[PDB]
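Inside the fold
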Amino acid sequence: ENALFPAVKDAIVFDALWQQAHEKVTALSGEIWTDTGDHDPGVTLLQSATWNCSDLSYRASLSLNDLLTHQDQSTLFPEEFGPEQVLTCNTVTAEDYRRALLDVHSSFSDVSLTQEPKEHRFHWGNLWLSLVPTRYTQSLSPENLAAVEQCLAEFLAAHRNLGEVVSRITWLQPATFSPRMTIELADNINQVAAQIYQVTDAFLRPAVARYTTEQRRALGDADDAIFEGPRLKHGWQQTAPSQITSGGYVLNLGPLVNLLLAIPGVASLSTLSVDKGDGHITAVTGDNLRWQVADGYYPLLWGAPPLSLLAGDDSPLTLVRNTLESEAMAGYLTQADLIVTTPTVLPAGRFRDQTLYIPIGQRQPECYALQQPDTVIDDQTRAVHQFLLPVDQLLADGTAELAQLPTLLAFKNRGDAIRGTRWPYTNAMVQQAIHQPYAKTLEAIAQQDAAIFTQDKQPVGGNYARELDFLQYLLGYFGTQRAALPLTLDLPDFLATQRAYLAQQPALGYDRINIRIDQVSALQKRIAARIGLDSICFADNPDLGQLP
Amino acid sequence: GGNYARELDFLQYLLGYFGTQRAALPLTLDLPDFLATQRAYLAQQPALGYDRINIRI
Amino acid sequence: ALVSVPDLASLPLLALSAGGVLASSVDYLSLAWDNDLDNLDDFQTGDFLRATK
Amino acid sequence: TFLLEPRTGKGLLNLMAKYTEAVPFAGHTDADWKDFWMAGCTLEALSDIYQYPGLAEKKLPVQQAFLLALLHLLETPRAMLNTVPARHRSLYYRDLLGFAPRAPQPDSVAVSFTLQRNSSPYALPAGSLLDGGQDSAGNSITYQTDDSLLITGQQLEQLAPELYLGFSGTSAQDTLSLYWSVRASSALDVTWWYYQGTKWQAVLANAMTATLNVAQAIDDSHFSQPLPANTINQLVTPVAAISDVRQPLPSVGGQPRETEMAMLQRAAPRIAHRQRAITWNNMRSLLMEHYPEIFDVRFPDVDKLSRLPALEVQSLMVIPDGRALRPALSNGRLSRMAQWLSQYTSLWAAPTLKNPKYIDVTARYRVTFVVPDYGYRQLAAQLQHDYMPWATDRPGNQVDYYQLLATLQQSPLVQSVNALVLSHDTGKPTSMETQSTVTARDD
Amino acid sequence: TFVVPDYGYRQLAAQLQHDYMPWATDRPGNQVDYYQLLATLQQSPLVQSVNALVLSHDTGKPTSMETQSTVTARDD
């Protein structure tokens, strides 16, 4: 509850207000209105108006989560105005296609995105791409592989900046580089072999870390660092290999305090003797340092874990003694997989709002009025009804403006007024039928003096100016600025241009990059709202606008 | 159920009184005869001090 | 206190009827904050208002 | 700032004067009720009494006093309601979007520890609780030693054996510890050619037997002020080696807790740009966000952007501040600036940065003075200060003629100007700017 | 290779000499393992990447050495 009430509780409680009013009338008059007891009628009227003003002040405290709820919308802000849809994240334009692609294992590692290497032009520049599929290259894709390929195709359709879509995808073939080592242990099996498989597999592909946003902000960063790149449906990446090169790369491990130090981590094993029991992938000169040169196609391990369980094993585990290994390590003792999904942010509203107003005349005691309407009173008991009418509507305008501040400070759907204005009476209330044969006339006065008048606008009433002031102030949130006043356009279409430019702020961040074919290419509508047009440039359905 | 492990934990802790240590886990024996071996090794600690010397027939 | 409201009621009267159950001068602005009133006339002739201290 | 409700009791009274004319003075006929509230004064005269109550001399018709008391009461919920949109903005930045004014950084100093007269080389552990004044709030701030060292008596002969340097503690196992205070550089390489087991861009200062410190975090009412040579001793005194300990220099960096206004000012560009360099002024804003030496960044010309050989180099001019007059920053760091900004660009961008060109412009005054020669020098220094604001402040690329006129004759020692013919390479009523240069004004 | 020149060799030599003759200061093995010395070296915080650790006793890299009449030691 950001609510102001313990802050203003010593300023809204009708004794402070009554002494402020009483000193005011003691100052203004003072030798005309000399008696101020509770027996003069004007004192009672003024203190009743003071009670309604204190009501209006108490309504104007609580609370900021409660004043802003509309009536029916679950959240205060639209969820597209939340983080990771606003211009904290982006759509991908850096190397971050990598981190845009290392989350789709739910329905694989090492995306490499680059450009065409100073040749292979079309001869009158595009991009190339490079993937290793590791856990998509399976038995489960002789035909699912084509569906994965077209999902990649519509991914690349979804991410295509201003020019130069990619041209080559380059599926990258394996090498089954499966080494051989022996280790030795002291106490207690089939779990250490599964962990050794996990460590040797995770050593090949570089690093993939996927954090929950609250898991990551517990590690000690901020949301401007968390909400950076893509909209990750899973996790938060931070890695930057690029293990893929173009000369094949030497892939290499294994020192006393380096690449061989991630093998004794398994909490059973002593020192080793490691061999490379294959000849397809070469080894550079120097085996006591042991770099193993690849040539532009990626290594895998043994394939199946039953291919780790031949008569000829590749990891014998001596204890003193056969130390056999079963398929227990393959089905279980080996699962380390979780999944992350984000609902992207929700705040909650309350709506303790109102339409209730109590007029001054029924605060008054039962010897003046509340008599039935235009039947029993005698044209002077109606005179105090008309005396209290401007005071009642000035007390009601605070209620009316108060019940429009969620749509006065609105982004998407904005109203057509500056402030609030309400007729302060009700059916089954006496003071409506008394004020009846001019009731439509004067509420039309206070309504047009608060609206912006949708057609040919208010020329000297600066309601058209004040709406642009609202637009200036709200566009100043998003690091933008209201377009300047056209001295040669129409007014209402310019106003509809500006409010729709406000209403799509998080959408207007993406379409600098990744022009989809099915919109007006909202960089174009960014320009088309920098100067006020809005022919079709918002509500994107029709054609025939201002063409780029 | 590591009750077989926990009994060997008892044996380790009690054999640690007498300056000895529980025999390591055989990966190739039966379990119950090994457990009966270990508890009888605990049960004769003061007797197992003498017969380094003075083999009686 | 758990004060019932009557027909034709008001919070200065509902604070005097809650300040007699507790004998502690329960200062009507704290009644509308403790019971989550909206506009100082929210009670509807038969609902209860809880007054502590 | 932005208000969310204008129209005070003047505006309310205007609305009320429009409003009450629709009501007949009932019981009587052909009489507006607006006559009742506005009898005695006009609208503006009544609003004047509303601002200043003494304009009524304790008398006016009591419905007007009633109404002004009403409006003075109604000012209060309007005042609560004008406190809404700022709270809306802060609610949107803090609750959503998780923005926060970031925490301050700790200080770092280097203290020297000269020895006693003749005791021994004495060892200090890491974290020796060096003292650094009291506070701004009233509890003692202390700094701690980052690393253990020994204190031997190493003094410093001028810049006896070293490569470029010399000392007066030449012994075996000298274990010398220096402190350097140097400007930014390009990471040179030195050999330090002597041997220790056998005996025998500009800097700011040095020290001997020194070790860097940090601010030991316990509390604060500072980090807005670096400590100015304020350390003279430390906590509990070793008599083993203190004749003195001095820091010579201020602390390295405080970077205090930012204001909420600075937090909003950090937050609004970071939703203007997406932490990306896509178009122009993504580059300007992102590059001035990260390097404070950059005064401004200008852009290439519009038609130059609109030529059929799409340039594919994305050049943009960077004017530094010298940290003098007409500054030009070293090319050894501009390639690193471009390389830093390139990882936040798109692909196929590769932008490059240039020191500007400097075209000084002269013009002669021929001006009369008030009340001789001194006025020319004062006017020259004044007019030279405000046209190269990268010297001191934080301009235009062009220079206007008549704006320079109205700049000159408003000066309090200037009587009357006669002829201000400009000269670039020659005519008076002109201007000058190109989008590859930065103009300047001599004389 | 080192992180961030020559100084790393001297610091690594003193470090690696300290923990293999613990009778100098502390309170080891008779043998010296190869890959355990690997995983001893590349975990050092100034060590980037090791290339070739050929041992020499009297000559081959992926080996060990101990006899039950001697105590091994490690220079360099």
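Residues numbered from 1 in each chain as written, not as in the entry; some residues may be left out. Chains lettered and ligands numbered in written order. Part of a larger assembly, values for the part shown. Heavy atoms only, no water. Residues with missing side-chain atoms left out of burial classes, pairs and counts.

This deposited entry lists cryo-EM as its structure determination method and 3.1 Å as its resolution.

**Notes on the overall build of chain A**
Regarding its fold elements, chain A presents 19 helices and 6 strands. A compact globule built from 548 residues should have a C-alpha radius of gyration of about 24 Å, whereas chain A, at 37 Å, is more than 25% larger. With respect to the principal axes defined by its C-alpha atoms, chain A has extents near 115 × 65 × 40 Å. Per-residue burial over chain A gives 48% buried out of 548 residues. Entry remark: accessible area of chain A is about 27,500 Å², with carbon and sulfur atoms responsible for 54%. For chain A, the centre of its 38 positive side-chain charges and the centre of its 62 negative side-chain charges are spaced 5 Å apart. (Helix = DSSP H or I, 4+ residues; strand = E, 2+ residues; numbered from the N terminus. Rg over C-alpha atoms; globule rule 2.2 N^0.38 Å. Buried < 20%, exposed > 50% of the residue type's maximum accessible area, 1.4 Å probe, protein only. Areas by Shrake-Rupley, 256 points an atom, 1.4 Å probe, with all protein chains shown as cover. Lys, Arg positive; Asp, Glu negative; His and termini not counted. Charge placed at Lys NZ, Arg CZ, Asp CG, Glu CD.)

**Considerations on the nonpolar core**
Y58, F411 and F478 of chain A, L11 of chain C together with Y92, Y93 and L97 of chain D are the most contacted members of the largest nonpolar core, which totals 76 residues. By residue number, the principal contributor to this core is helix α16 (residues 463–475) of chain A, which donates 7 residues. Excluding its chain neighbours within four sequence positions, the residues that come into contact with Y92 of chain D are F77, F81, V86 and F478 of chain A together with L97 of chain D. Listed in part, the 49 residues of the second largest apolar core include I360 and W423 of chain A together with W33 and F66 of chain D. (Core = buried A, V, L, I, M, F, W, Y, C linked by side-chain atoms within 4.5 Å. Contact = heavy atoms within 4.5 Å.)

**Re helix α1 (residues 9–19) of chain D**
Those residues of α1 of chain D that sit buried are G9, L12, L13, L15, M16, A17 and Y19 of chain D. Lining the buried residues of α1 of chain D we find α12 (389–402) and α15 (439–448) of chain A together with α2 (34–37), α3 (43–51) and α4 (62–81) of chain D.

**Comments concerning the interface of chain A and chain D**
Note on interface size: it is often stated as the accessible area lost on association of the parts. Each partner contributes to the interface: chain A provides 89 residues, whereas chain D provides 71 residues. Here chain A packs against chain D, burying approximately 7,600 Å² in sum over the two surfaces, 69% of which is carbon and sulfur. One can count 1 salt bridge joining chain A with chain D. Here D96 of chain A ties to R276 of chain D by a salt bridge, and the two come within 3.7 Å at their closest N and O atoms. Counting across the chain A and chain D interface gives 22 residue pairs in polar contact. The class makeup of the residues in the side of chain A that touches chain D is 52 nonpolar, 23 polar and 14 charged. (Buried area = accessible area lost by both parts, 1.4 Å probe. Salt bridge = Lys/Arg side-chain N within 4 Å of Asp/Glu carboxyl O. Polar contact = N/O pair within 3.5 Å; in protein donor to acceptor, adjacent residues only side chain to side chain. Nonpolar A, V, L, I, M, F, W, Y, C, P; charged D, E, K, R; others polar.)

**Structural notes on the sheet that holds strand β5 (residues 273–275) of chain A**
All names here are of chain A. If you walk across this open sheet you meet the 3 strands as β5-β4-β6, and the pairing is mixed. Among the strands making up the open sheet, the edge pair consists of β5 and β6 (317–318). The pairing of strand β4 (residues 180–184) with β5 spans 3 bridges and is classified as antiparallel. By the bridge assignment for β5, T182 is matched with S273. (Pairing = 2+ DSSP bridges.)

**As for the pattern of salt bridges**
Residue and element names in this part refer to chain A. Applying the stated rule across the entire model yields 24 salt bridges over all chains. We note a salt bridge from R98 to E95, for which the minimum N-O separation is 2.9 Å. Here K440 ties to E443 by a salt bridge, and the two come within 3.7 Å at their closest N and O atoms. Linking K440 with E443, this pair stays in helix α15, spanning 3 residues, or about one helical turn.

**Some points on a positive patch on the surface**
Residues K304, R307, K354 and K357 of chain D make up a contiguous surface patch of positive charge. The class for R307 of chain D is partly exposed, based on a relative accessible area of 47%. (Patch = residues over 30% accessible without salt bridge, like charges linked within 9 Å, V, L, I, M, F, W, Y side chains within 5 Å.)

**Some words on the sheet that holds strand β12 (residues 358–363) of chain D**
Residue and element names in this part refer to chain D. Here 3 strands make up an open sheet; going across it, the order is β15-β12-β16 and the pairing mixed. Single-partner strands in this sheet number two, and they are β15 (422–423) and β16 (438–442). As defined by bridge partners, β12 adjoins β15 across 2 bridges and the pair is classed as antiparallel. Bridging from a neighbouring strand, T362 pairs with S423 of β15.

**A closer look at the side chain of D55 of chain A**
Take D55 of chain A: it is sitting in helix α3 (residues 41–59). What makes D55 of chain A buried here is its relative accessible area of 7%. Every residue in contact with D55 of chain A, bar those within four places of it in the chain, is listed here: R363 of chain A together with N39 and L40 of chain C.

**Overview of unusual backbone geometry**
Looking along the chain, the bond that leaves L62 of chain A and enters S63 of chain A is cis, with omega of -25 degrees. Residue position: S63 of chain A is located in the loop between α3 and α4 (64–67). The residue after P241 of chain A, namely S242 of chain A, is reached through a cis peptide bond having omega 10 degrees. Within the secondary structure, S242 of chain A sits in the loop between α9 (223–226) and β5. A positive phi angle is found at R7 of chain D, which is not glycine, with a value near 65 degrees.

**Here's the deal with the interface of chain C and chain A**
Facing the 11 residues of chain C at the interface are 19 residues of chain A. Between the two partners, chain C and chain A, sit 2 salt bridges. We note a salt bridge from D38 of chain C to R352 of chain A, for which the minimum N-O separation is 3.4 Å. If you look at where chain C meets chain A, you find 6 residue pairs in polar contact. Tallied by class, residues from the side of chain C that touches chain A come to 7 nonpolar, 1 polar and 3 charged.

**Concerning a negative patch on the surface**
A surface patch of negative charge is lined by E21, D30, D32 and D35 of chain D. Take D35 of chain D: its relative accessible area is 55%, and that puts it in the exposed class.

**Some remarks on the packing of aromatic side chains**
This model, assessed by the stated rule, comprises 42 aromatic pairs over all chains. Note on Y291 of chain D and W340 of chain D: the rings are 5.2 Å apart at their centroids and 85 degrees apart in plane angle, and the pair reads as edge-to-face. The structure contains a cluster of three or more aromatic residues connected by ring pairs, namely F77, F81, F411, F470, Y473, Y477 and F478 of chain A together with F2, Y92, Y93 and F99 of chain D. Of note, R168 of chain A hangs over the ring of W128 of chain A, and the distance from its end group to the ring centre comes to 4.0 Å. (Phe/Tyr/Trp six-rings, centres within 6.5 Å; stacked < 30°, edge-to-face > 60°. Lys NZ or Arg CZ within 6 Å of the ring centre and 35° of its normal.)

**Concerning a nonpolar patch on the surface**
Among the surface-exposed residues, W180, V182, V190, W192 and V203 of chain D lie close enough to one another that they form a single nonpolar patch of about 480 Å² accessible area. Within the element layout of this structure, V190 of chain D appears in the loop between β6 (178–182) and β7 (203–208).

**Observations concerning the arrangement of the chains**
By contact count, the dominant pairing among the 4 pairs of chains in contact is that of chains A and D. With no contact formed, the shortest span from any C-alpha in chain B to any C-alpha in chain E equals 21 Å. There is a clear gap between chain D and chain E: no contact, and 11 Å between their nearest C-alpha atoms.

**Let's talk about the pairing of strand β10 (residues 315–320) of chain D**
Every regular strand shows the same layout, with side chains that alternate between the two sheet faces. All names here are of chain D. With 5 of 6 residues buried, β10 is to be regarded as a mostly interior element. One ladder, built from 4 bridges, connects strand β9 (residues 294–298) with β10; its direction is antiparallel. Paired with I294 across the two strands is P320, which belongs to β10. Where β10 and strand β11 (residues 352–354) come together, 3 bridges link them in parallel fashion. Bridging across to β11, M317 finds its partner in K354.

**Considering the packing of helix α2 (residues 15–28) of chain A against α3 of chain A**
All names here are of chain A. At a minimum axis separation of 10 Å, α2 and α3 run at an interaxial angle of 140 degrees. Accordingly, the angle class assigned to the pair α2 and α3 is oblique. Considering the relative orientation of α2 and α3, their crossing is right-handed. Listed contacts from α3 to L17, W18 and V25 of α2 are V43, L46, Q47, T50 and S54. Residue composition of the contact of α2 with α3, grouped by class: 5 nonpolar, 3 polar and no charged. (Axes fitted to C-alpha atoms, helices over the stretch in contact; angles between N-to-C directions. Parallel < 35°, antiparallel > 145°, perpendicular 65-115°, else oblique. Left-handed = near helix turned anticlockwise from the far one by under 90°.)

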